[PDB]
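J.: Please read through the structure below; I'll follow up with questions.
There are 2 protein chains.
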Amino acid sequence: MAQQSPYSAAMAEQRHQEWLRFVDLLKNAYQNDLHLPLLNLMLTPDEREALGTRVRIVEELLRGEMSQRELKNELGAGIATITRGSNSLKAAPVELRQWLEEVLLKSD
Amino acid sequence: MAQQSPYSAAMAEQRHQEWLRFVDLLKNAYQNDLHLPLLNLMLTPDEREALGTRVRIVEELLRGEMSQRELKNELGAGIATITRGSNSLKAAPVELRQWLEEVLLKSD
């Protein structure tokens, strides 16, 4: 049945539980100082450079102190990436925004 | 100056420190239970799904019983994918591989 039906929450669960098994692994690896070896096994040079830049796209989207030129040129975030990062900020919790504001902009 | 030249080890260091920010950020996110929503910001649902699935690719190479056609029908993974898997495992440190051969092989 479920593979014929137009949506299956059993497979949404099966995928979430594939994902949480990854998140537990990484939550322990930090609790054993194995997190950077793990992360280099799990994320590619390009993925890693993209997550480091993502910290900077989101920092700035909380600082609110860049133009469109400056994000296109200095961080490589065009209209599209900004739209999807701005959407994802909106989709987040307030306790997420509030705490990223307490870590990223408290360093200035 | 380094821009002009064939290799920059300064852009390498900048990108490494830009990357190690992400990895201190997410160390402190587990300690607040903000890792779920932080990971949902930093990662598209097809990345989160690749991370989910990448754990089984690392489990099923470390257990060594699945064939190349079994990994292609059940995990999606090509020759390319398993090759890049097996180059990543050979280059992992032994204390990571011994700890993976616990964490993914101690549950069954």
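Here the protein sequences line up with chains B and A, keeping their order. For the first sequence, the entry's author numbering assigns the number 1 to the initial residue and increments by one for each residue that follows. For the second sequence, the entry's author numbering assigns the number 1 to the initial residue and increments by one for each residue that follows. The C-beta atom is built at its ideal place from N, Cα and C for all residues, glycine as well.
#1: Kindly provide the ranges of any alpha helix (DSSP H) runs that are 4 or more residues long and lie completely inside the segment 15-60 of chain A, ordered along the chain.
#2: According to DSSP, simplified to helix, strand and coil, what is A:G64?
#3: Is A:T83 close to chain B? Criterion is C-beta to C-beta, closer than 9 Å.
#4: Ends of the alpha helix (DSSP H) at B:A2?
#5: Residues of chain A with CB under 8 Å from B:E18, in chain order?
#6: Quick one: which chain A residues come within Cβ less than 7 Å of B:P37?
#7: Between which two residues does the alpha helix (DSSP H) containing B:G85 stretch?
#8: So, helix, strand or coil for B:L75, using DSSP?
#9: Check each candidate in B:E59, B:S67, B:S86 and name the one with the smallest Cα separation from B:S107.
T.: In short, the structure shows the following:
#1: 35-42
#2: By one-based count along the second sequence, residue 64 of chain A stands at place 64. Looking at A:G64 - three-state DSSP - the assignment turns out to be coil, as it is neither helix nor strand.
#3: As a first step, residue 83 of chain A must be located in the second sequence, where it is residue number 83. No, A:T83 lies away from the interface with chain B (no Cβ there is under 9 Å from its Cβ).
#4: Here residue 2 of chain B refers to the residue found at position 2 of the first sequence. Premise fails: B:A2 is in no alpha helix (DSSP H) and is neither H nor E.
#5: Locating residue 18 of chain B in the first sequence gives position 18, where the first residue counts as 1. Ordered by position in chain A, the residues that pass the 8 Å Cβ test against B:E18 are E49, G52, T53, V55, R56.
#6: Here residue 37 of chain B is taken as the residue at index 37 of the first sequence, counted from 1. By Cβ distance, chain A contributes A92, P93, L96.
#7: Translated into the one-based positions of the first sequence, residue 85 of chain B becomes position 85. Element bounds for B:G85: 79-91.
#8: In the first sequence, residue 75 of chain B corresponds to position 75, counting from 1. Helix.
#9: By 1-based counting over the first sequence, the position of residue 107 of chain B is 107. If we check each option's Cα against that of B:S107, B:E59 comes out closest.
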